[PDB]
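Chain A is the first sequence line, chain B the second, and so forth, proteins listed ahead of strands; every chain is numbered from 1. One-based numbering, in listed order, for ligands and for the atoms of each.
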Amino acid sequence: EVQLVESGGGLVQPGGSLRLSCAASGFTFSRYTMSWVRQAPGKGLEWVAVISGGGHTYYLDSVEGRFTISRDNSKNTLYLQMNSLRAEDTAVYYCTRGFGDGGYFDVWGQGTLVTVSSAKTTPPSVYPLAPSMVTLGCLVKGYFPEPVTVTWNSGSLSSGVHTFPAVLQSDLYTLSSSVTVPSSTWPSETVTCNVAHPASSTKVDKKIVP
Amino acid sequence: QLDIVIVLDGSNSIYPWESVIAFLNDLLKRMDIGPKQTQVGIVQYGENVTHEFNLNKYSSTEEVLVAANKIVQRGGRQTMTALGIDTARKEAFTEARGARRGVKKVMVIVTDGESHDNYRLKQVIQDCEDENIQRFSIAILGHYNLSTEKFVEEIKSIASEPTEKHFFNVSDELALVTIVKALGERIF
Amino acid sequence: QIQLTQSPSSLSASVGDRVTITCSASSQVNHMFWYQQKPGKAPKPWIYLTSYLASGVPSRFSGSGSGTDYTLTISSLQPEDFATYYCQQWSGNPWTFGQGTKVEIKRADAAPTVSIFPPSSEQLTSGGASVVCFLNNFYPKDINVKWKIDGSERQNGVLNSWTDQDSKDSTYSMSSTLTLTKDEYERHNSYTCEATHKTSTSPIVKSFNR
Ligand SMILES: [Mg+2]
């Protein structure tokens, strides 16, 4: 089936450069005009650049002169070279297939996260949150950048779980997660939150003890 | 004796540009071009319109073949067919650009998609009749093959009556060459 | 240049209701496109060429319009249709999206389950002290939380996070985190979290001492 897969996102400092790539499959790539669309955190969609099957490129004012869209048909890949990055360029970048002259975004990948900041990569501090049914949880405080993975009992305990969106304050994220189980389950049966922060290669299984 | 102006769609959608040029070629080589023969001008359009060369820049049929095969696709995030036709009508077909007083005006439009500015297409076509310009329209159905119906009615409405002896329909950019014969020997 | 304004900015409706979203362009366009985006996911092609449904889009959806006014209509709002819908035009450069319409599903009012959690002793050892309060599965999503240290309201180091509408029960949840230093925290004794919601006249109150 038709598919696109973005790559290259990550933390980069203001004034830095970053190269995104997109692998296409399931269709005759070279015949389609391709684009990149971005979505800053908590905001709308914004088309960024486009390249026709003929090699013609067009750009959004805020990026022309800094970003360069290109394609390599021998590898069915699309690229986005981003220079002079600014904090405002922070967003999830989507590779997208166009229809007609390219203005209808036919296919979207899952996206890649580009974070533009001076903040330093930092590991999260995971703290246990203990008190008919009981509510427990864990505070995942002070990490950067996103993302962070959170599950309970390795994902076997998925019901009654509430993982709240991270809140950014002073260059550090923080998020909480709560899980509710019958009172006759804890502490007789074990409850632990699994948290991983790939950017700092951190893994931790924090058991919730009364 | 008739000045011919070809209005070429060069938007992002057109692909490959090689077959389009092979079409011009196979069509322009069968003509006797000269100041007292048959002149030809080419206009390319996409988001915007640009004159490749005027009706009288070249007086030789060979000089036209070489310049033609030199035309580059300009791309376009839109297919402004109305803007392209209207621009050929009031800019290309003007004495200033080589139009010969008294001679028969002929416009050849080639497109592969509904225009983004189809809301002024009626007005633009009517103004072509008012200036007595014979119109031949060629529609490439590739991208649609999605019904091509509405697309077909639009391109036909561009051709002069009778539709049957002015409007063409091809499967894709490659099939364009299978028209040069009928196309030419119908412009006589 | 063409700007798109969607209305309403957001809406609330019951299942079975006929819902209609509008997209007005600052200049006429001959076609409109729509995409559906759910929390944390890539936008999905929904309607193209004004009224064609993209593959997989259920029959209750339809699109219409001309000139500068286009619409998207859901004949019978289902719980799975909650999302932010974006209109988009390919007629003017740069291509652009509307700011989107966030659609939510109505359901029976439900009181929030509040749980308060004292600082982890694991956190105290590092100088900090965060108190957490979870307000789970309530509706409507309008809610208020006030922190009261030793009877006196306090709200300088409070950070809140709200989840999007639950894909399972259409409810809402939110957590409130009050961060103080180990010293401030030990300076006081009773900590309480107050939740005001249309479900009850008086605030649901939870708290603890030391
Ligand atoms: Mg076109």
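With respect to B/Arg120 and B/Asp86, a salt bridge is recorded, a charged nitrogen being found less than 4.0 Å from a carboxylate O.
No other N/O/S atom of B/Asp112 lies as close to the Mg ion (ligand 1) as OD1 does.
The distance from the Mg ion (ligand 1) to the nearest N/O/S atom of B/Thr79 is under 2.8 Å. Distance check for B/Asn12 against the Mg ion (ligand 1): none of its N/O/S atoms falls below 2.8 Å.
With hydrogens and angles left out, the side-chain atoms of A/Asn73 and A/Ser30 include no donor and acceptor closer than 3.5 Å. Judged by distance alone, the side chains of B/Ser11 and B/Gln78 never bring a donor and an acceptor atom under 3.5 Å apart.
Other residues, nucleotides and ligands contribute more than 12 heavy atoms inside 6.0 Å of the CZ atom of A/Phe27.
Centred on the Mg ion (ligand 1), the angle running from B/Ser11 (OG) to B/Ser13 (OG) is recorded as 70°, rounding to 10°.
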